[PDB]
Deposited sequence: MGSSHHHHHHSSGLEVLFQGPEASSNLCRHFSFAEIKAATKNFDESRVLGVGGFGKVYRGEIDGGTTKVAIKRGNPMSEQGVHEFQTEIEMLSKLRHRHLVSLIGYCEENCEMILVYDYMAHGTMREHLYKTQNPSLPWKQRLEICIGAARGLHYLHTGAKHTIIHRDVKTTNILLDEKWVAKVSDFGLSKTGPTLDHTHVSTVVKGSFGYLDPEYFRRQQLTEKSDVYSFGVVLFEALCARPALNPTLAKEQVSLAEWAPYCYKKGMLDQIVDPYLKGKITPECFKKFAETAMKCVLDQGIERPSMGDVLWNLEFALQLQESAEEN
């Protein structure tokens, strides 16, 4: 894992210029930068060493991402810990978050096949976390702002600060009851992501009618009452084949079951999403 000096980061970001700011992470700001003679675009997250939690999440990202390698995970290029700084350097994800292409945005709507391919890419990343490392890795914070899109629209999981070997609307309700650490909690959060891709609304909207506040509760309720199609993204109305719609909906439904033991594995989710894409074509 590559070590940057503070001067290299300052150079890459043009001295943390305001016009390079891309947004804010948990404990600081994110900048567009370039390294290695301007040959490599990067994103650079500047954190907060005076936060106990910020330090813990910094070290957790480095411990995780310095040993993982997968097409559908955002790559950690390096870090900087000089000058009482905690800075992380990532590959540049030119199209930002999944979420900003779904709603509350001026970005155009995504075609259905592209949405399905994004969900498949994210599922491949999560499947790798659950089956491809030494031990199961539980992300703990899967959500549409933690799935980023590169210039080819390839989806990649980010934000490993809370990983182990939360966010309102994605929290596994069974955790507060059984208090067990399980990769099925990631499955639950990913089910919410699936419904977000389909319905193009936030996982949690506290202004709504009680029954609608949580997408994880509302979407299954609608599907079983035969009216999921009534809360689908208006852009997608009429664009999903019946067999694809059924397979996608059933998969997302199973992800958000009350009881982690009844939820599918991510490998099962991934296979069913690939099957759904085939059924969109046939």
Requested in this report: Go through the deposited sequence from residue 1 and tell me which stretches lack C-alpha coordinates, in order.
Outcome: 1-27, 193-206, 324-327
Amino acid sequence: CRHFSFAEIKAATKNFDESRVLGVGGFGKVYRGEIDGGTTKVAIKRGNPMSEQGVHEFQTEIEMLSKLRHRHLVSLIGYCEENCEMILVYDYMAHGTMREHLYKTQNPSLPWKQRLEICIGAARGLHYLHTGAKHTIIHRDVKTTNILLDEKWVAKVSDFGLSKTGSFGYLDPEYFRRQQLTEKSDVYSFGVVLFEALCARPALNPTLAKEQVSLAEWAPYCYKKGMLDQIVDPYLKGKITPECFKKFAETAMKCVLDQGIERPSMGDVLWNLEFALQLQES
From here on, numbers count along this sequence of modelled residues.
Report summary line: Of 75-83 and 124-132, the stretch with the higher mean C-alpha B-factor in the deposited entry is 75-83
Report summary line: Avg C-alpha B-factor, entry values, 31-39 vs 218-226, higher side is 31-39
Query raised in the report: Which one, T207, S185, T97, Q180, has the peak C-alpha temperature factor per the PDB entry?
Result: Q180
Requested in this report: Pick out which of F190, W153, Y103, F176 has the highest C-alpha B-factor in the PDB entry.
Outcome: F176
Query - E52, C-alpha B-factor rank within chain (lowest, middle or highest third) - result: highest
Report summary line: By the entry's values, the third containing the CA B factor of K246 is the lowest
Query - Where the record places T144 (Cα B-factor, split into thirds across the chain) - result: lowest
Query - Chain-wide C-alpha B factor ranking for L270, given as lowest, middle or highest third - result: lowest
Requested in this report: Divide the modelled residues of the chain into thirds by Cα B-factor and specify which third, lowest, middle or highest, holds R46.
Outcome: highest
